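Contents: one structure, followed by commentary.
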Number of protein chains: 2
Amino acid sequence: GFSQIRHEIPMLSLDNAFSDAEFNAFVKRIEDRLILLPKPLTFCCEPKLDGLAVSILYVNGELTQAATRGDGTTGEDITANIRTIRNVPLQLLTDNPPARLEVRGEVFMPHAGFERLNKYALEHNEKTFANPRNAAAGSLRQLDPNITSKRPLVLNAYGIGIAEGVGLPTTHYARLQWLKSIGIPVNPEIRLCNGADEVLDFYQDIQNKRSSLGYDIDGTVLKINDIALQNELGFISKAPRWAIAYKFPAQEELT
Amino acid sequence: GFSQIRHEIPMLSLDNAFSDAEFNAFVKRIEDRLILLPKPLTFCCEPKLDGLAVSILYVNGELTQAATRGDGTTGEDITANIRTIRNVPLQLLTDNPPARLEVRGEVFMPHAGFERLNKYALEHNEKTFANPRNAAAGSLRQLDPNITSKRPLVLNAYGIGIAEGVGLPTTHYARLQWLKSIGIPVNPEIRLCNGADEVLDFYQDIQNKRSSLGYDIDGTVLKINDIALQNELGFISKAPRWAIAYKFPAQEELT
Ligand SMILES: CC(C)(CNC(=O)c1ccc(Oc2ccccc2)cc1)c1ccc2c(N)nc(N)nc2n1
Ligand SMILES: CC(C)(CNC(=O)c1ccc(Oc2ccccc2)cc1)c1ccc2c(N)nc(N)nc2n1
């Protein structure tokens, strides 16, 4: 199979909200927690794309390795597969590439590609992919990078992991803009919002085009723009490093 | 339904190991991480019981509230249900109860009870419980605490959450012994181990009696005994507090 890769920096998951009610609930939880509410709190609002999350490493501007999210802590080495994705640059353009930079984002299959692939499948006696999401995951997680080569995949960056030879801007949005400039792809629907009301609008606007843009949008990820606040706000951890459950082999049936 | 309760302190999950290989892997990961290996590292080795995890709160010795684990961050108020569990004390015996103490452990159904309950079910035209685990969960999560009253449940403590009017000992094992003395039930199979080899023995010994003791044992949870090291070792977190995914309502079918 694929070589396993332990992410130097974790690939955390997200809590979900399925209503404005739960969303404000989330906001309030933050306000209280924050030492002093800046008023009115700015969120970097970006669309959540339907696909597979991946981590790409750049060493002095050169794409050197990539992996799948895995369990969030260990993924699979899909470097070669990643190089086949056109919109993924092999070289960051800056003249001053950080020592090491880890770009994170969604790999996905737009409607046109998805539709074409499935047309081919059906007409050639092969189960079609249920959705662009699943199609993406399979197209990408290929032992033979040539197959991945022929699948229409696209990368939309949303974050950074390791980062050394740099002093990243203080705001997430500023960071995404930097990633753009150095040649990395990031969704253009990302906007800045002040206060729930404003965010909720973003939510509505995006939802009213979750499929109209040419690709699938799962929902919207809302993040506090100010990096300092992020550090302050913390991480809703779970599972200790000092312990572990060593489970017994499954119970067998009678007979 | 049940009133929701947000755990003041989280109810973390555990990583698993299904082989000595993965176990040592876990140990090594710790040794490296630790600033200085004390040699040879002591683990509090306790059996992992098959059932439901619960959190019981004592205010000045009095059981005042209890809840289910939920998603680890929010559970259900099952206080009344808990009071029906015999081996759960309503009053900690010490003359000096902490301001507030939160005891955590597994609620479960031993073989005898499980078997009896199911005998009744079958003979009265009712689906039997597949296992003591499931039977426990259902017997406990009852809107009517009287039903829970008639199900044979048992509590085996394994940890502490909130703790105020106290200065808990420096070792987990010391802490469990304290919980015993103040009247709380804890599994007697808990032993102390030095170095993998020793732990691995515990693993074998317990596995060779995972059902022979009169109740079901899932596996064995291994923890570093020294609380200081625990703090040092940290928490393998996942999910930020500064962000959240606001998902769109599910996709609908054609027609
Ligand atoms: C926000 C984050 C959860 C990424 N963030 C991280 O993975 C992450 C990881 C370690 C961090 O810091 C730590 C460093 C060391 C230890 C622990 C935490 C901080 C953020 C996320 C996840 C999924 C997303 C998605 N599908 N679409 C969009 N648009 N954005 C998304 N954003
Ligand atoms: C070790 C722990 C994961 C409990 N520990 C915690 O829930 C926990 C929670 C917050 C902690 O500290 C924090 C406080 C605030 C924020 C974050 C962490 C530390 C431990 C656990 C889980 C399941 C067990 C089981 N089925 N059987 C046995 N025998 N032991 C078990 N032990």
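Residues are named by chain letter and number: chains run A, B, ... in the order of the structure tokens, numbers start at 1 in each chain, and ligands are numbered from 1 in the order shown.
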Self-check item: Residue neighbourhood region 76-82 of chain B, 12 Å, only C-alpha atoms, exclusion window fewer than 3 positions, as JSON, numbers by chain
Solution: {"B": [1, 2, 3, 4, 5, 6, 7, 52, 53, 54, 55, 56, 57, 58, 63, 64, 65, 66, 67, 68, 69, 70, 71, 72, 73, 85, 86, 87, 88, 89, 90, 105, 106, 107, 108, 136, 137, 138, 139, 140, 141, 142, 143, 144, 145, 146, 147, 148, 149, 150, 151, 152, 153, 154, 155]}
Exercise. Pick out the residues sitting within 8 Å of region 12-27 of chain A, and hand them over as a PyMOL selection string; count only C-alpha atoms, and ignore anything fewer than 5 positions along from it in its own chain.
Key: (chain A and resi 72+196+200) or (chain B and resi 237-240+243-249)
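Within 10 Å of region 111-121 of chain B, once only C-alpha atoms are used and residues closer than 5 positions along the same chain are dropped, the contacting residues are residues 126, 127, 128, 129, 130, 131, 132, 133, 135, 136, 150, 151, 152, 153, 211, 212, 213, 214, 215 and 216 of chain B.
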Taking C-alpha atoms for each residue, export the selection above as a short mmCIF file (atom, residue, chain, number, x, y, z; two decimals), in the first residue's frame.
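Saved the output as out32.cif:
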```
data_model
loop_
_atom_site.label_atom_id
_atom_site.label_comp_id
_atom_site.auth_asym_id
_atom_site.auth_seq_id
_atom_site.Cartn_x
_atom_site.Cartn_y
_atom_site.Cartn_z
CA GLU B 126 -39.02 -8.98 23.62
CA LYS B 127 -35.80 -8.55 21.67
CA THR B 128 -32.87 -9.56 23.86
CA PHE B 129 -29.79 -7.35 24.25
CA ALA B 130 -26.91 -8.43 22.02
CA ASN B 131 -24.37 -7.93 24.79
CA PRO B 132 -23.81 -6.55 28.31
CA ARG B 133 -22.42 -3.39 26.78
CA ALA B 135 -27.73 -3.76 27.68
CA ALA B 136 -25.89 -1.44 30.04
CA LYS B 150 -34.59 -2.65 38.11
CA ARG B 151 -31.58 -3.23 35.82
CA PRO B 152 -28.43 -4.69 37.43
CA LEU B 153 -25.84 -1.97 36.84
CA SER B 211 -15.09 -12.87 30.59
CA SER B 212 -14.06 -15.20 33.43
CA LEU B 213 -14.41 -12.52 36.12
CA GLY B 214 -18.21 -12.33 35.80
CA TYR B 215 -18.35 -9.30 33.51
CA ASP B 216 -17.01 -8.17 30.12
#
```
Using only C-alpha atoms, which protein or nucleic acid residues come within 6 Å of region 217-227 of chain B? Drop anything in the same chain fewer than 5 positions from it, and give the result as a PDB file with N, CA and C atoms, in the first residue's frame.
```
ATOM      1  N   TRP A 242      -0.520  10.499  27.352  1.00  0.00           N
ATOM      2  CA  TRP A 242      -0.012   9.643  28.414  1.00  0.00           C
ATOM      3  C   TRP A 242      -0.722   8.294  28.573  1.00  0.00           C
ATOM      4  N   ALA A 243      -1.780   8.067  27.799  1.00  0.00           N
ATOM      5  CA  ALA A 243      -2.519   6.816  27.911  1.00  0.00           C
ATOM      6  C   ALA A 243      -2.892   6.230  26.565  1.00  0.00           C
ATOM      7  N   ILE A 244      -3.394   5.004  26.595  1.00  0.00           N
ATOM      8  CA  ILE A 244      -3.791   4.315  25.382  1.00  0.00           C
ATOM      9  C   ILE A 244      -4.617   3.081  25.722  1.00  0.00           C
ATOM     10  N   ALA A 245      -5.532   2.719  24.832  1.00  0.00           N
ATOM     11  CA  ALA A 245      -6.361   1.546  25.063  1.00  0.00           C
ATOM     12  C   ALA A 245      -5.857   0.379  24.224  1.00  0.00           C
ATOM     13  N   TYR A 246      -5.359  -0.662  24.888  1.00  0.00           N
ATOM     14  CA  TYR A 246      -4.863  -1.846  24.185  1.00  0.00           C
ATOM     15  C   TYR A 246      -5.985  -2.867  24.205  1.00  0.00           C
ATOM     16  N   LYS A 247      -6.771  -2.850  23.132  1.00  0.00           N
ATOM     17  CA  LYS A 247      -7.918  -3.729  22.991  1.00  0.00           C
ATOM     18  C   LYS A 247      -7.609  -5.182  22.659  1.00  0.00           C
ATOM     19  N   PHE A 248      -8.459  -6.068  23.178  1.00  0.00           N
ATOM     20  CA  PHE A 248      -8.356  -7.505  22.963  1.00  0.00           C
ATOM     21  C   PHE A 248      -8.897  -7.820  21.575  1.00  0.00           C
TER      22      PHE A 248
ATOM     23  N   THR B  42       6.602   3.979  34.881  1.00  0.00           N
ATOM     24  CA  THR B  42       5.564   3.201  35.533  1.00  0.00           C
ATOM     25  C   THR B  42       4.170   3.534  35.014  1.00  0.00           C
ATOM     26  N   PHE B  43       3.446   2.493  34.610  1.00  0.00           N
ATOM     27  CA  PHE B  43       2.092   2.651  34.110  1.00  0.00           C
ATOM     28  C   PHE B  43       1.083   2.086  35.096  1.00  0.00           C
ATOM     29  N   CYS B  44      -0.033   2.791  35.255  1.00  0.00           N
ATOM     30  CA  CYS B  44      -1.092   2.279  36.099  1.00  0.00           C
ATOM     31  C   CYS B  44      -1.835   1.466  35.061  1.00  0.00           C
ATOM     32  N   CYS B  45      -1.902   0.164  35.296  1.00  0.00           N
ATOM     33  CA  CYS B  45      -2.555  -0.748  34.377  1.00  0.00           C
ATOM     34  C   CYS B  45      -3.901  -1.198  34.900  1.00  0.00           C
ATOM     35  N   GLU B  46      -4.956  -0.822  34.192  1.00  0.00           N
ATOM     36  CA  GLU B  46      -6.293  -1.184  34.615  1.00  0.00           C
ATOM     37  C   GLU B  46      -7.086  -1.800  33.473  1.00  0.00           C
ATOM     38  N   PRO B  47      -8.030  -2.694  33.808  1.00  0.00           N
ATOM     39  CA  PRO B  47      -8.845  -3.334  32.776  1.00  0.00           C
ATOM     40  C   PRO B  47      -9.851  -2.352  32.208  1.00  0.00           C
ATOM     41  N   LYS B  48     -10.096  -2.438  30.908  1.00  0.00           N
ATOM     42  CA  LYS B  48     -11.065  -1.564  30.262  1.00  0.00           C
ATOM     43  C   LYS B  48     -12.394  -2.315  30.279  1.00  0.00           C
ATOM     44  N   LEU B  49     -13.384  -1.782  30.992  1.00  0.00           N
ATOM     45  CA  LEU B  49     -14.675  -2.456  31.086  1.00  0.00           C
ATOM     46  C   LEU B  49     -15.628  -2.098  29.963  1.00  0.00           C
ATOM     47  N   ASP B  50     -16.398  -3.098  29.544  1.00  0.00           N
ATOM     48  CA  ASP B  50     -17.379  -2.964  28.469  1.00  0.00           C
ATOM     49  C   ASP B  50     -18.694  -2.409  28.964  1.00  0.00           C
ATOM     50  N   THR B 170      -0.046  12.580  43.880  1.00  0.00           N
ATOM     51  CA  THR B 170       0.707  12.775  42.660  1.00  0.00           C
ATOM     52  C   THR B 170       0.677  11.642  41.655  1.00  0.00           C
ATOM     53  N   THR B 171       0.157  10.491  42.055  1.00  0.00           N
ATOM     54  CA  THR B 171       0.081   9.386  41.114  1.00  0.00           C
ATOM     55  C   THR B 171      -1.341   8.910  40.931  1.00  0.00           C
ATOM     56  N   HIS B 172      -1.683   8.637  39.679  1.00  0.00           N
ATOM     57  CA  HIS B 172      -3.009   8.166  39.328  1.00  0.00           C
ATOM     58  C   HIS B 172      -3.433   7.027  40.258  1.00  0.00           C
ATOM     59  N   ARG B 210     -11.024 -12.044  30.460  1.00  0.00           N
ATOM     60  CA  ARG B 210     -11.854 -10.947  29.993  1.00  0.00           C
ATOM     61  C   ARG B 210     -13.347 -11.228  30.170  1.00  0.00           C
TER      62      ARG B 210
END
```
Quiz item: Closest to chain B among A:124, A:104, A:241, A:33, using only C-alpha atoms?
Solution: A:241
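Here the question is which of B:157, B:228, B:205, B:236 gets nearest to ligand 1 using only C-alpha atoms and all ligand atoms, and that residue is B:236.
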Practice problem: Check the DSSP output for the backbone and give back, as a ChimeraX atom specification, the residues of region 52-235 of chain B in strand (DSSP E). | Solution: /B:52-59,62-68,74-76,100-108,154-163,191-194,217-224
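Here CA of residue 201 (chain B) and CA of residue 36 (chain B) stand 25.2 Å from one another.
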Self-check item: Of the listed residues A:235, A:254, A:29, A:195, that which approaches ligand 2 most closely, counting only C-alpha atoms and all ligand atoms
Solution: A:235
Extract the full set of helix (DSSP H, G or I) residues from region 57-167 of chain A according to DSSP on the backbone, and format it as a short mmCIF file (atom, residue, chain, number, x, y, z; two decimals) with C-alpha atoms, in the first residue's frame.
```cif
data_model
loop_
_atom_site.label_atom_id
_atom_site.label_comp_id
_atom_site.auth_asym_id
_atom_site.auth_seq_id
_atom_site.Cartn_x
_atom_site.Cartn_y
_atom_site.Cartn_z
CA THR A 79 3.29 12.96 -3.41
CA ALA A 80 3.43 11.68 -6.99
CA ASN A 81 -0.35 11.71 -7.23
CA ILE A 82 -0.32 15.35 -6.16
CA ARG A 83 2.26 16.42 -8.72
CA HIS A 111 -18.82 18.93 -12.11
CA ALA A 112 -17.51 18.89 -15.66
CA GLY A 113 -14.74 16.41 -14.89
CA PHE A 114 -16.94 14.26 -12.65
CA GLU A 115 -19.65 14.06 -15.29
CA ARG A 116 -17.17 13.19 -18.04
CA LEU A 117 -15.46 10.48 -15.96
CA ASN A 118 -18.78 8.86 -15.10
CA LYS A 119 -20.01 9.07 -18.69
CA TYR A 120 -16.96 7.06 -19.61
CA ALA A 121 -17.47 4.59 -16.74
CA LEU A 122 -21.10 3.80 -17.60
CA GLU A 123 -20.42 3.49 -21.31
CA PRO A 132 -17.58 14.31 -6.88
CA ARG A 133 -16.43 13.82 -3.31
CA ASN A 134 -16.02 10.04 -3.58
CA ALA A 135 -14.75 10.38 -7.12
CA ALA A 136 -12.09 12.78 -5.88
CA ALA A 137 -10.94 10.52 -3.07
CA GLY A 138 -10.59 7.56 -5.42
CA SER A 139 -9.06 9.51 -8.28
CA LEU A 140 -6.43 10.81 -5.85
CA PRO A 145 0.04 8.14 -10.15
CA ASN A 146 -0.71 7.85 -13.91
CA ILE A 147 -4.35 7.06 -13.23
CA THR A 148 -4.51 10.08 -10.92
CA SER A 149 -2.87 11.84 -13.83
CA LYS A 150 -5.95 11.30 -16.00
#
```
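Comparing A:9, A:41, A:166, A:30 by their smallest distance to chain B, the closest is A:30 (using only C-alpha atoms).
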Quiz item: Out of A:32, A:189, A:232, A:95, which residue has the shortest atom-to-atom distance to chain B when counting only C-alpha atoms?
Solution: A:232
Quiz item: So what do you get for CA of residue 162 (chain A) versus CA of residue 174 (chain A), distance-wise?
Solution: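 The value is 17.0 Å.
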Quiz item: Of the residues B:163, B:190, B:34, B:59, which is the one nearest to chain A, using only C-alpha atoms?
Solution: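 With only C-alpha atoms as the atom set, the closest residue is B:34.
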Quiz item: CA of residue 158 (chain A) and atom 29 (N, counted along the ligand's line) of ligand 1, how far apart in Å?
Solution: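 Atom-to-atom, atom 29 (N, counted along the ligand's line) of ligand 1 and CA of residue 158 (chain A) are spaced 5.2 Å apart.
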